[PDB]
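**Student:** Got a file for you: model.pdb, PDB, C-alpha atoms and all ligand atoms.
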ATOM      1  CA  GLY A   1     -18.776 -80.210 -35.064  1.00  0.00           C
ATOM      2  CA  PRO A   2     -19.407 -78.292 -38.367  1.00  0.00           C
ATOM      3  CA  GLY A   3     -15.770 -78.812 -39.569  1.00  0.00           C
ATOM      4  CA  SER A   4     -14.394 -82.211 -40.775  1.00  0.00           C
ATOM      5  CA  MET A   5     -11.243 -83.853 -42.284  1.00  0.00           C
ATOM      6  CA  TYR A   6     -11.372 -87.304 -43.990  1.00  0.00           C
ATOM      7  CA  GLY A   7      -7.601 -88.107 -44.402  1.00  0.00           C
ATOM      8  CA  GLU A   8      -5.718 -90.572 -46.684  1.00  0.00           C
ATOM      9  CA  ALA A   9      -5.740 -94.440 -46.584  1.00  0.00           C
ATOM     10  CA  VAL A  10      -2.704 -96.843 -46.461  1.00  0.00           C
ATOM     11  CA  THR A  11      -4.549 -99.565 -48.502  1.00  0.00           C
ATOM     12  CA  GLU A  12      -4.770 -97.238 -51.566  1.00  0.00           C
ATOM     13  CA  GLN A  13      -1.076 -96.176 -51.261  1.00  0.00           C
ATOM     14  CA  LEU A  14       0.079 -99.862 -51.199  1.00  0.00           C
ATOM     15  CA  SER A  15      -2.524-100.900 -53.884  1.00  0.00           C
ATOM     16  CA  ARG A  16      -1.294 -98.360 -56.528  1.00  0.00           C
ATOM     17  CA  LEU A  17       2.345 -99.262 -55.617  1.00  0.00           C
ATOM     18  CA  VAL A  18       1.783-103.081 -56.051  1.00  0.00           C
ATOM     19  CA  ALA A  19      -0.074-102.378 -59.354  1.00  0.00           C
ATOM     20  CA  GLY A  20       3.416-101.162 -60.542  1.00  0.00           C
ATOM     21  CA  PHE A  21       5.054-104.591 -59.701  1.00  0.00           C
ATOM     22  CA  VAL A  22       2.622-107.191 -61.224  1.00  0.00           C
ATOM     23  CA  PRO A  23       4.642-108.958 -64.049  1.00  0.00           C
ATOM     24  CA  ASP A  24       1.535-110.360 -65.871  1.00  0.00           C
ATOM     25  CA  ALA A  25      -0.695-108.459 -68.408  1.00  0.00           C
ATOM     26  CA  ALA A  26      -2.819-107.290 -65.365  1.00  0.00           C
ATOM     27  CA  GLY A  27      -3.517-103.489 -65.330  1.00  0.00           C
ATOM     28  CA  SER A  28      -4.144-103.355 -61.516  1.00  0.00           C
ATOM     29  CA  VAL A  29      -3.857-105.539 -58.341  1.00  0.00           C
ATOM     30  CA  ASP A  30      -6.911-107.450 -56.969  1.00  0.00           C
ATOM     31  CA  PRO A  31      -7.267-106.809 -53.150  1.00  0.00           C
ATOM     32  CA  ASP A  32      -8.737-110.329 -52.444  1.00  0.00           C
ATOM     33  CA  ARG A  33      -5.580-112.151 -53.851  1.00  0.00           C
ATOM     34  CA  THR A  34      -1.949-112.452 -52.608  1.00  0.00           C
ATOM     35  CA  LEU A  35       1.264-111.164 -54.274  1.00  0.00           C
ATOM     36  CA  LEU A  36       2.097-114.848 -55.072  1.00  0.00           C
ATOM     37  CA  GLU A  37      -1.343-115.163 -56.824  1.00  0.00           C
ATOM     38  CA  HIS A  38      -0.364-112.094 -58.966  1.00  0.00           C
ATOM     39  CA  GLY A  39       2.896-114.072 -59.626  1.00  0.00           C
ATOM     40  CA  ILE A  40       5.337-111.338 -58.442  1.00  0.00           C
ATOM     41  CA  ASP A  41       8.948-112.697 -58.548  1.00  0.00           C
ATOM     42  CA  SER A  42      11.471-112.212 -55.648  1.00  0.00           C
ATOM     43  CA  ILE A  43      13.273-109.317 -57.481  1.00  0.00           C
ATOM     44  CA  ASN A  44       9.987-107.313 -57.671  1.00  0.00           C
ATOM     45  CA  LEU A  45       9.046-108.330 -54.062  1.00  0.00           C
ATOM     46  CA  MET A  46      12.478-106.899 -52.976  1.00  0.00           C
ATOM     47  CA  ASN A  47      11.780-103.716 -55.046  1.00  0.00           C
ATOM     48  CA  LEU A  48       8.338-103.456 -53.301  1.00  0.00           C
ATOM     49  CA  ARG A  49      10.074-104.043 -49.876  1.00  0.00           C
ATOM     50  CA  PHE A  50      12.522-101.168 -50.655  1.00  0.00           C
ATOM     51  CA  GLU A  51       9.683 -98.808 -51.816  1.00  0.00           C
ATOM     52  CA  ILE A  52       7.678 -99.644 -48.610  1.00  0.00           C
ATOM     53  CA  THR A  53      10.887 -98.910 -46.566  1.00  0.00           C
ATOM     54  CA  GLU A  54      11.252 -95.487 -48.294  1.00  0.00           C
ATOM     55  CA  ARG A  55       7.480 -94.559 -48.180  1.00  0.00           C
ATOM     56  CA  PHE A  56       6.400 -95.792 -44.679  1.00  0.00           C
ATOM     57  CA  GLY A  57       9.672 -96.469 -42.716  1.00  0.00           C
ATOM     58  CA  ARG A  58       8.588-100.190 -42.495  1.00  0.00           C
ATOM     59  CA  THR A  59      10.326-103.431 -43.679  1.00  0.00           C
ATOM     60  CA  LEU A  60       8.692-106.883 -44.207  1.00  0.00           C
ATOM     61  CA  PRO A  61      10.105-110.343 -45.241  1.00  0.00           C
ATOM     62  CA  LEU A  62       9.432-111.980 -48.674  1.00  0.00           C
ATOM     63  CA  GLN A  63       7.820-114.980 -46.865  1.00  0.00           C
ATOM     64  CA  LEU A  64       5.112-112.565 -45.532  1.00  0.00           C
ATOM     65  CA  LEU A  65       4.826-110.613 -48.856  1.00  0.00           C
ATOM     66  CA  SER A  66       4.067-113.816 -50.909  1.00  0.00           C
ATOM     67  CA  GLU A  67       1.438-115.112 -48.374  1.00  0.00           C
ATOM     68  CA  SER A  68      -0.312-111.701 -47.781  1.00  0.00           C
ATOM     69  CA  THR A  69      -2.921-109.654 -49.723  1.00  0.00           C
ATOM     70  CA  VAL A  70      -2.902-105.838 -50.287  1.00  0.00           C
ATOM     71  CA  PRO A  71      -5.292-105.130 -47.278  1.00  0.00           C
ATOM     72  CA  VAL A  72      -3.264-107.537 -45.014  1.00  0.00           C
ATOM     73  CA  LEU A  73       0.051-105.781 -45.871  1.00  0.00           C
ATOM     74  CA  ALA A  74      -1.585-102.319 -45.457  1.00  0.00           C
ATOM     75  CA  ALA A  75      -2.842-103.374 -41.952  1.00  0.00           C
ATOM     76  CA  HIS A  76       0.792-104.170 -40.839  1.00  0.00           C
ATOM     77  CA  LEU A  77       2.005-100.744 -42.153  1.00  0.00           C
ATOM     78  CA  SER A  78      -1.012 -98.845 -40.621  1.00  0.00           C
ATOM     79  CA  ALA A  79      -0.194-100.162 -37.058  1.00  0.00           C
ATOM     80  CA  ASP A  80       0.986 -96.606 -36.042  1.00  0.00           C
ATOM     81  CA  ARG A  81      -0.185 -93.075 -37.127  1.00  0.00           C
ATOM     82  CA  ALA A  82       2.011 -90.879 -39.411  1.00  0.00           C
ATOM     83  CA  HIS A  83      -0.275 -87.775 -40.003  1.00  0.00           C
TER      84      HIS A  83
HETATM   85  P1  LIG A 101      12.991-115.787 -55.027  1.00  0.00           P
HETATM   86  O1  LIG A 101      12.919-115.753 -53.548  1.00  0.00           O
HETATM   87  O2  LIG A 101      12.549-117.014 -55.745  1.00  0.00           O
HETATM   88  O3  LIG A 101      14.489-115.433 -55.477  1.00  0.00           O
HETATM   89  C1  LIG A 101      14.864-115.464 -56.842  1.00  0.00           C
HETATM   90  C2  LIG A 101      16.279-114.874 -57.069  1.00  0.00           C
HETATM   91  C3  LIG A 101      16.430-114.709 -58.597  1.00  0.00           C
HETATM   92  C4  LIG A 101      16.366-113.463 -56.448  1.00  0.00           C
HETATM   93  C5  LIG A 101      17.389-115.850 -56.557  1.00  0.00           C
HETATM   94  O4  LIG A 101      18.693-115.312 -56.842  1.00  0.00           O
HETATM   95  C6  LIG A 101      17.267-116.276 -55.064  1.00  0.00           C
HETATM   96  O5  LIG A 101      16.906-117.420 -54.767  1.00  0.00           O
HETATM   97  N1  LIG A 101      17.620-115.381 -54.134  1.00  0.00           N
HETATM   98  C7  LIG A 101      17.522-115.555 -52.692  1.00  0.00           C
HETATM   99  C8  LIG A 101      16.120-115.136 -52.233  1.00  0.00           C
HETATM  100  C9  LIG A 101      15.942-115.129 -50.718  1.00  0.00           C
HETATM  101  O6  LIG A 101      16.876-115.396 -49.959  1.00  0.00           O
HETATM  102  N2  LIG A 101      14.726-114.804 -50.284  1.00  0.00           N
HETATM  103  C10 LIG A 101      14.340-114.684 -48.877  1.00  0.00           C
HETATM  104  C11 LIG A 101      13.547-115.916 -48.429  1.00  0.00           C
HETATM  105  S1  LIG A 101      11.926-115.982 -49.256  1.00  0.00           S
END
Before anything else, please render the file you have as structure tokens.
Ligand SMILES: *P(=O)(O)OCC(C)(C)[C@@H](O)C(=O)NCCC(=O)NCCS

**Tutor:**
Amino acid sequence: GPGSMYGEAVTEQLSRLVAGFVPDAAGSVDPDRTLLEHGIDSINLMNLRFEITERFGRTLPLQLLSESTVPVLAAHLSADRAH
């Protein structure tokens, strides 16, 4: 009808989080590359895993985190509604 509500996106919330864990001179994460392509070491993948646990109530293995991109990880987190 005349009223509408757009809502927030999980891909943005994980994107701006992962942009805080890239160890290279990169200023932001590229969505078409993996966390292993950004070169994120196990310590920072475990810090990302803990932040995702606190923010979404979800936990994922380092073997998935290294092989996955930002949209692929966001699709696993977005598998149930929270709003
Ligand atoms: P990364 O997985 O290369 O780990 C580097 C480390 C400095 C944290 C090192 O102490 C280590 O090998 N820890 C064990 C990491 C682990 O068990 N990961 C889960 C399987 S990918």

**Student:** Quick one: everything within 12 Å of residue 68 (chain A), counting only C-alpha atoms, minus sequence neighbours fewer than 6 positions away in the same chain. Send it as a PyMOL selection string.

**Tutor:** chain A and resi 31-38+45+60-62+74-76

**Student:** Go ahead and save the picked residues with C-alpha atoms, as a tab-separated table (two decimals), keeping the file's coordinate frame.

**Tutor:**
chain	number	residue	atom	x	y	z
A	31	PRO	CA	-7.27	-106.81	-53.15
A	32	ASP	CA	-8.74	-110.33	-52.44
A	33	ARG	CA	-5.58	-112.15	-53.85
A	34	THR	CA	-1.95	-112.45	-52.61
A	35	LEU	CA	1.26	-111.16	-54.27
A	36	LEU	CA	2.10	-114.85	-55.07
A	37	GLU	CA	-1.34	-115.16	-56.82
A	38	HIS	CA	-0.36	-112.09	-58.97
A	45	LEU	CA	9.05	-108.33	-54.06
A	60	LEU	CA	8.69	-106.88	-44.21
A	61	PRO	CA	10.10	-110.34	-45.24
A	62	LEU	CA	9.43	-111.98	-48.67
A	74	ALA	CA	-1.58	-102.32	-45.46
A	75	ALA	CA	-2.84	-103.37	-41.95
A	76	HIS	CA	0.79	-104.17	-40.84

**Student:** Could you pull out the residues sitting within 10 Å of ligand LIG 101 (chain A), using all atoms listed in the file, and write them as a ChimeraX atom specification?

**Tutor:** /A:40-46,61-66

**Student:** What separation in Å, quoted to one decimal, exists between CA of residue 25 (chain A) and CA of residue 53 (chain A)?

**Tutor:**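 CA of residue 25 (chain A) sits 26.5 Å away from CA of residue 53 (chain A).
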
**Student:** Tell me, as a JSON list (two decimals) with C-alpha atoms, in the coordinates of the input, which residues lie within 8 Å of residue 48 (chain A), counting all atoms listed in the file; anything in the same chain fewer than 3 positions away does not count.

**Tutor:**
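So around_7.json came out as:
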[["chain", "number", "residue", "atom", "x", "y", "z"],
["A", 17, "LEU", "CA", 2.35, -99.26, -55.62],
["A", 18, "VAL", "CA", 1.78, -103.08, -56.05],
["A", 21, "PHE", "CA", 5.05, -104.59, -59.70],
["A", 44, "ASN", "CA", 9.99, -107.31, -57.67],
["A", 45, "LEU", "CA", 9.05, -108.33, -54.06],
["A", 51, "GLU", "CA", 9.68, -98.81, -51.82],
["A", 52, "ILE", "CA", 7.68, -99.64, -48.61]]

**Student:** With only C-alpha atoms as the basis for distance, which of A:4, A:70, A:80, A:49 is at the shortest distance from residue 19 (chain A)?

**Tutor:**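 Once distances to residue 19 (chain A) are computed over only C-alpha atoms, the minimum belongs to A:70.
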
**Student:** Could you state the separation of CA of residue 11 (chain A) and CA of residue 71 (chain A) in Å, given to one decimal place?

**Tutor:**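 Rounded to one decimal, the two atoms are 5.7 Å apart.
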
**Student:** At most 12 Å from (-1.6, -91.8, -49.9), file frame, only C-alpha atoms: which residues, as a PDB file with C-alpha atoms, in the frame of the given file?

**Tutor:**
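This went into out.pdb:
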ATOM      1  CA  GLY A   7      -7.601 -88.107 -44.402  1.00  0.00           C
ATOM      2  CA  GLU A   8      -5.718 -90.572 -46.684  1.00  0.00           C
ATOM      3  CA  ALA A   9      -5.740 -94.440 -46.584  1.00  0.00           C
ATOM      4  CA  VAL A  10      -2.704 -96.843 -46.461  1.00  0.00           C
ATOM      5  CA  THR A  11      -4.549 -99.565 -48.502  1.00  0.00           C
ATOM      6  CA  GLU A  12      -4.770 -97.238 -51.566  1.00  0.00           C
ATOM      7  CA  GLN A  13      -1.076 -96.176 -51.261  1.00  0.00           C
ATOM      8  CA  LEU A  14       0.079 -99.862 -51.199  1.00  0.00           C
ATOM      9  CA  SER A  15      -2.524-100.900 -53.884  1.00  0.00           C
ATOM     10  CA  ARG A  16      -1.294 -98.360 -56.528  1.00  0.00           C
ATOM     11  CA  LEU A  17       2.345 -99.262 -55.617  1.00  0.00           C
ATOM     12  CA  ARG A  55       7.480 -94.559 -48.180  1.00  0.00           C
ATOM     13  CA  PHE A  56       6.400 -95.792 -44.679  1.00  0.00           C
ATOM     14  CA  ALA A  74      -1.585-102.319 -45.457  1.00  0.00           C
ATOM     15  CA  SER A  78      -1.012 -98.845 -40.621  1.00  0.00           C
ATOM     16  CA  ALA A  82       2.011 -90.879 -39.411  1.00  0.00           C
ATOM     17  CA  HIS A  83      -0.275 -87.775 -40.003  1.00  0.00           C
TER      18      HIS A  83
END

**Student:** For residue 79 (chain A), which of A:2, A:57, A:24, A:50 is the closest residue, counting all atoms listed in the file?

**Tutor:**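 The shortest atom-to-atom distance to residue 79 (chain A) comes from A:57.
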
**Student:** Would you mind completing region 23-47 of chain A to N, CA and C atoms and writing the output as an mmCIF file, in the frame of the given file?

**Tutor:**
data_model
loop_
_atom_site.group_PDB
_atom_site.id
_atom_site.type_symbol
_atom_site.label_atom_id
_atom_site.label_comp_id
_atom_site.auth_asym_id
_atom_site.auth_seq_id
_atom_site.Cartn_x
_atom_site.Cartn_y
_atom_site.Cartn_z
ATOM 1 N N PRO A 23 3.906 -108.650 -62.817
ATOM 2 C CA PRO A 23 4.642 -108.958 -64.049
ATOM 3 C C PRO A 23 3.746 -109.435 -65.204
ATOM 4 N N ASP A 24 2.540 -109.923 -64.897
ATOM 5 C CA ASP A 24 1.535 -110.360 -65.871
ATOM 6 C C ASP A 24 0.903 -109.167 -66.628
ATOM 7 N N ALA A 25 0.066 -109.448 -67.633
ATOM 8 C CA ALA A 25 -0.695 -108.459 -68.408
ATOM 9 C C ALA A 25 -1.775 -107.691 -67.593
ATOM 10 N N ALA A 26 -1.923 -107.980 -66.293
ATOM 11 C CA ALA A 26 -2.819 -107.290 -65.365
ATOM 12 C C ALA A 26 -2.533 -105.775 -65.285
ATOM 13 N N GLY A 27 -3.586 -104.957 -65.401
ATOM 14 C CA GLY A 27 -3.517 -103.489 -65.330
ATOM 15 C C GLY A 27 -3.569 -102.916 -63.906
ATOM 16 N N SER A 28 -4.043 -103.707 -62.941
ATOM 17 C CA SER A 28 -4.144 -103.355 -61.516
ATOM 18 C C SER A 28 -4.188 -104.609 -60.630
ATOM 19 N N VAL A 29 -3.827 -104.467 -59.355
ATOM 20 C CA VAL A 29 -3.857 -105.539 -58.341
ATOM 21 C C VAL A 29 -5.275 -105.774 -57.788
ATOM 22 N N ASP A 30 -5.673 -107.043 -57.646
ATOM 23 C CA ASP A 30 -6.911 -107.450 -56.969
ATOM 24 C C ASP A 30 -6.694 -107.547 -55.444
ATOM 25 N N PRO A 31 -7.486 -106.851 -54.601
ATOM 26 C CA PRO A 31 -7.267 -106.809 -53.150
ATOM 27 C C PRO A 31 -7.582 -108.124 -52.421
ATOM 28 N N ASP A 32 -8.371 -109.021 -53.017
ATOM 29 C CA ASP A 32 -8.737 -110.329 -52.444
ATOM 30 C C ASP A 32 -7.770 -111.477 -52.831
ATOM 31 N N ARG A 33 -6.647 -111.184 -53.509
ATOM 32 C CA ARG A 33 -5.580 -112.151 -53.851
ATOM 33 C C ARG A 33 -4.201 -111.698 -53.354
ATOM 34 N N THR A 34 -3.313 -112.663 -53.128
ATOM 35 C CA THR A 34 -1.949 -112.452 -52.608
ATOM 36 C C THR A 34 -0.984 -111.959 -53.689
ATOM 37 N N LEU A 35 0.222 -111.533 -53.304
ATOM 38 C CA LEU A 35 1.264 -111.164 -54.274
ATOM 39 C C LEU A 35 1.810 -112.383 -55.047
ATOM 40 N N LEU A 36 1.765 -113.570 -54.437
ATOM 41 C CA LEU A 36 2.097 -114.848 -55.072
ATOM 42 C C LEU A 36 1.034 -115.287 -56.096
ATOM 43 N N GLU A 37 -0.247 -114.976 -55.858
ATOM 44 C CA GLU A 37 -1.343 -115.163 -56.824
ATOM 45 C C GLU A 37 -1.220 -114.238 -58.053
ATOM 46 N N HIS A 38 -0.744 -112.999 -57.863
ATOM 47 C CA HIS A 38 -0.364 -112.094 -58.966
ATOM 48 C C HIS A 38 0.951 -112.521 -59.658
ATOM 49 N N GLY A 39 1.720 -113.423 -59.036
ATOM 50 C CA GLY A 39 2.896 -114.072 -59.626
ATOM 51 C C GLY A 39 4.173 -113.240 -59.534
ATOM 52 N N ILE A 40 4.226 -112.283 -58.602
ATOM 53 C CA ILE A 40 5.337 -111.338 -58.442
ATOM 54 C C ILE A 40 6.608 -112.086 -57.989
ATOM 55 N N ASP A 41 7.653 -112.056 -58.826
ATOM 56 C CA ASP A 41 8.948 -112.697 -58.548
ATOM 57 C C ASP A 41 9.736 -111.974 -57.437
ATOM 58 N N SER A 42 10.652 -112.690 -56.779
ATOM 59 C CA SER A 42 11.471 -112.212 -55.648
ATOM 60 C C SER A 42 12.135 -110.841 -55.876
ATOM 61 N N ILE A 43 12.663 -110.596 -57.081
ATOM 62 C CA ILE A 43 13.273 -109.317 -57.481
ATOM 63 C C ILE A 43 12.283 -108.152 -57.318
ATOM 64 N N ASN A 44 11.047 -108.314 -57.803
ATOM 65 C CA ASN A 44 9.987 -107.313 -57.671
ATOM 66 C C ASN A 44 9.390 -107.256 -56.253
ATOM 67 N N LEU A 45 9.380 -108.362 -55.493
ATOM 68 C CA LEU A 45 9.046 -108.330 -54.062
ATOM 69 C C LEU A 45 10.104 -107.551 -53.253
ATOM 70 N N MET A 46 11.397 -107.690 -53.576
ATOM 71 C CA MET A 46 12.478 -106.899 -52.976
ATOM 72 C C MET A 46 12.419 -105.415 -53.385
ATOM 73 N N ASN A 47 12.023 -105.097 -54.622
ATOM 74 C CA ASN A 47 11.780 -103.716 -55.046
ATOM 75 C C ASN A 47 10.584 -103.097 -54.296
#
